[PDB]
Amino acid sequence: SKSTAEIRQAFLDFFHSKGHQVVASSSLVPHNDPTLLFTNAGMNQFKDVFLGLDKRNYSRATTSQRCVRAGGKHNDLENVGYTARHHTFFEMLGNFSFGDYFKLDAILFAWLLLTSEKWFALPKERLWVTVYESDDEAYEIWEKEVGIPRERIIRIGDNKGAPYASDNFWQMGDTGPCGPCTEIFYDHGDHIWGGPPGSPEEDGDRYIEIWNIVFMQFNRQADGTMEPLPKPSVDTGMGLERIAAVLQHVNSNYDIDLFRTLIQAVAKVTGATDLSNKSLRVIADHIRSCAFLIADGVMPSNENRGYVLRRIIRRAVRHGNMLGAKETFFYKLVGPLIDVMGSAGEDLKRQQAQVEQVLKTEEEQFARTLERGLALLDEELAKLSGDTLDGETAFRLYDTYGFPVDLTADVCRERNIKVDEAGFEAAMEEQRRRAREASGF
């Protein structure tokens, strides 16, 4: 089968052959978008084009965009290691129409690449589609233009409990370009638990969302109102790792060539032998987001972007501890990562030594309190009555040992114990008040 690198290139070659300008992935860190934490979609760098504020010399484009979804509007951090399909760092394969073509041709391009004998040649019978309930045009296109049997065309409304809150209405953020969308799912088969989209078991890893095609129509305002974009446009995105799994005849993202190699490297540096332990997958995921974020300029800190990076590094180190890592290990995975990323790792390779030192320093710094804090947590859990760790203890781990609350929650979750988040926040607020009282005016 095709390697991840070959699939990435084949996607771009397809759209290039269809007249799309190949554009380089943007950084994970925007210089000119105050509303955006980290790049979470291929469309981010074209935001102003969709808004009609910027015009390029091309009206259609294609990219393989590095994305991190670990905060802000789209955050999958807590899914990592619990599903076969979610990462913090991933590549989104995208095509874009800036007032060029619209619904029918967007859908045809996608179907052609996926199912043509000349291209990916996926079995059509295993593909399902969803449309926004009110999108009668998208429904008709799939039904009559493409020819998907009606039983595999699913209408989804505002299933997230609010107007425009839907798996089939995509929003860049609380503000920004958005619109109704249609998604393509691949059925991995009955050896995996799960039901089709719209079903009670839709959240399973059996029917995987491969490609989202967004019909950009509005700019969302902070108050929740929708202002029409000047020109209806197209924003699509397919997870490289998810389509690689399909094409490589495996079920999990972590079974593709890229992750198999990377997970072997994690086992090597941690001393783990069981290649099925979920901590190996978590660390493999985390090195991707951490290394690339540092390459794109993020430095560990206790505020904003730096704190998200710090949180992910420390969670990765903690997982290494659970695996029994005896020495500093996380920075050792930068080399192996560069080796599996191909051309998509160019920016990381360029700054290898720098990224390695940042990761090494951060792990060494955390090791000053990691084992001691875990010892305290074990002590508190051993005598804990109930299913919830008190907020005072969570705050003590934070304040004394530098444990972000989500790191503590992650450890506790592995033992079916919850964390009293309201209690943690109450403790933080109490300390804030003490700081105000002491500092004065």
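Note that residue numbering follows the sequence shown and begins at 1. In this text, rigid core is short for the largest set of C-alphas that superpose within 1.5 Å between two forms.
With 32-40 and 368-376 as candidates, the stretch whose CA atoms show the greater average offset from this form in 4 other deposited structures of this protein after a core fit is 32-40.
After a core fit, the C-alpha atoms in 4 other deposited structures of this protein lie farther on average from the shown form in one of 107-115 and 272-280, namely 272-280. When the C-alpha B-factors of 413-421 and 426-434 are averaged, 413-421 comes out higher. When the mean C-alpha temperature factors of 262-270 and 204-212 are read from the deposited coordinates, 262-270 comes out higher. Of the candidates 236, 221, 365, 75, the one whose C-alpha carries the top B factor in the deposited record is 221. Listed residues 94, 179, 163, 306 were ranked by CA B-factor as deposited; 163 comes out on top. Residue-level temperature factors show residue 232 in the lowest third of its chain, judged at the C-alpha atom.
Residue-level temperature factors show residue 383 in the highest third of its chain, judged at the C-alpha atom.
Per the PDB record, residue ranking by Cα B-factor puts residue 341 in the highest third of the chain. For residue 280, the recorded CA B-factor ranks within the middle third of the chain. Only modelled residues enter the ranking.
Among the modelled residues of its chain, residue 48 has a C-alpha B-factor that falls in the middle third, as given in the PDB entry.
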